[PDB]
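In: enclosed are the sequence and the experimentally obtained structure.
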Protein chains: 2
Amino acid sequence: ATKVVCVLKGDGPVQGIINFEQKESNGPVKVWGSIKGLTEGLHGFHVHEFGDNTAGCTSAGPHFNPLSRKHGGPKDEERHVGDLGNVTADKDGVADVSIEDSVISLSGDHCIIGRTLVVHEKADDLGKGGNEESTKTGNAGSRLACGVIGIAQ
Amino acid sequence: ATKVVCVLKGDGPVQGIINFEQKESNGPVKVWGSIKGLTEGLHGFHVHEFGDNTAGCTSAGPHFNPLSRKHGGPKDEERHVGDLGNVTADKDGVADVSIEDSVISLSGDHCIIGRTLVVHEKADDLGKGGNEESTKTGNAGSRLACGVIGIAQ
Ligand SMILES: *[Se]c1ccccc1C(=O)NCc1cccc(Cl)c1
Ligand SMILES: *[Se]c1ccccc1C(=O)NCc1cccc(Cl)c1
Ligand SMILES: [Cl-]
Ligand SMILES: [Cl-]
Ligand SMILES: [Zn+2]
Ligand SMILES: [Zn+2]
Ligand SMILES: [Zn+2]
């Protein structure tokens, strides 16, 4: 198994730890952990292209999209590699993350190591929002916290 | 060319931006940038094995050592892949980093993407300290600042 991790931090109260694990080459990736300091509801959750935090979350660039597709949800064929949909915060502002994804990987051309994980201000509309920004960013608004995705023990 | 970047931060006021560039797969890596908030003199400068900063710089583990060698200086054949020697801070506490290295890489099994860069409290003795710890850590002491090494545009 391959293990990777991401510590999410930003300019305000949002902080988290996200773990990724892949048992076999090209098998599904389990994603789990916790984020706190969020507003109750859905928050877009994406792997962005650059592991560049030099100017905070903005230097991470657009969604990680090695296959030049449009934006969608994680259960869509038409999606960016980095499209992990939304995490859900409760009334205590805590999101307990538990995702299994078959498109991201921890090896090869789909590999997310050295990229940035971002948790967003608003819901990702999963490309079903009916403006043109829906098919690019999912309208999830500003970047609340992020981190570079790193190799774990 | 491949470009990667690292933002150094820690428990104190040491902060830095380090850029890495590699023109060809088989080529040297140029390393440049700036670190501020250091004591005047030499600070050990290493790539550590894990890109795991969940509990700060200690979760990065030992020096990145894929070839199971002893600790040395960057000019030594007997070195860890992660052994980049020392940076030098001036009277103003600023290190202007300028390194070229042919052992680290931005591709292959010597790849440093998703690992952690660490600037240390003390001088790395480059394996010439006269104790057993010299051949393992170089006696560079605690971890002042670190970051995960990520893919840049
Ligand atoms: Se998967 C990936 C993505 C970007 C850059 C490098 C890599 C990678 O495969 N690195 C090699 C490696 C060695 C040992 C453990 C791991 Cl998880 C990855
Ligand atoms: Se860094 C590394 C080590 C071993 C095998 C592959 C790689 C690698 O660089 N892979 C991922 C990748 C894809 C596109 C751009 C970059 Cl910088 C890295
Ligand atoms: Cl975005
Ligand atoms: Cl050490
Ligand atoms: Zn995003
Ligand atoms: Zn997307
Ligand atoms: Zn070493």
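Out: Looks like it came in fine. Numbers count the residues shown, from 1 in each chain, chains lettered A, B, ... in the order given. Ligands and ions are numbered 1, 2, ... in the order given.
In: any idea which element the residue nearest the centre of chain A lies in?
Out: Nearest to the mean C-alpha position of chain A, by Cα atoms, centre = their mean, lies residue A:46 at 2.4 Å. In this structure, residue A:46 is located in strand A:41-48 according to DSSP states H and E.
In: what sits against residue A:138?
Out: A:44, A:71, A:83, A:124-127, A:129 (Cβ atoms under 8 Å, 6 or more residues apart in numbering or on different chains). No exception for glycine: its C-beta is placed from N, CA and C like everyone else's.
In: so who does the closest residue in space to residue A:50 that isn't next to it in sequence touch?
Out: Nearest residue to residue A:50, sequence neighbours excluded (Cβ to Cβ, 6 or more residues apart in numbering or on different chains): residue A:61, at 4.3 Å. By Cβ under 8 Å, 6+ apart, the residues touching residue A:61 are A:48-50, A:52, B:153.
In: who wins on neighbours among these?
Out: The most crowded member of the contacts of residue A:61, judged by other Cβ atoms under 10 Å in any protein chain shown, is residue A:52 (28 neighbours).
In: my guess is that residue contacts residue B:5, does it?
Out: Yes - at 5.1 Å, residue A:52 counts as touching residue B:5 under the criterion of Cβ atoms under 8 Å.
In: which residues does the residue in chain A positioned nearest to ligand 1 bridge with?
Out: Residue nearest to ligand 1 within chain A: residue A:111 (3.2 Å; Cβ to the nearest ligand atom). Beta-bridge partners of residue A:111, counted by DSSP bridges, are residue A:105.
In: I figured residue A:51 hits residue A:149, correct?
Out: Yes - with contact defined as Cβ under 8 Å, residue A:51 reaches residue A:149; the gap is 6.9 Å.
In: now the strands: where do they sit in chain A?
Out: Using DSSP state E, the strands found in chain A span residues A:2-8, A:15-22, A:29-36, A:41-48, A:54-57, A:83-89, A:95-101, A:116-120, A:143-148, A:150-151.
In: now the third one against strand A:116-120, angle please.
Out: What that stands for is strand A:29-36. On the basis of axes from the mean of the first three to the mean of the last three Cα atoms, to 10 degrees, strand A:29-36 is oriented at 50 degrees to strand A:116-120.
In: parallel or antiparallel, which strands does strand A:29-36 pair with?
Out: strand A:15-22 (antiparallel), strand A:95-101 (antiparallel).
In: no further questions, thank you.
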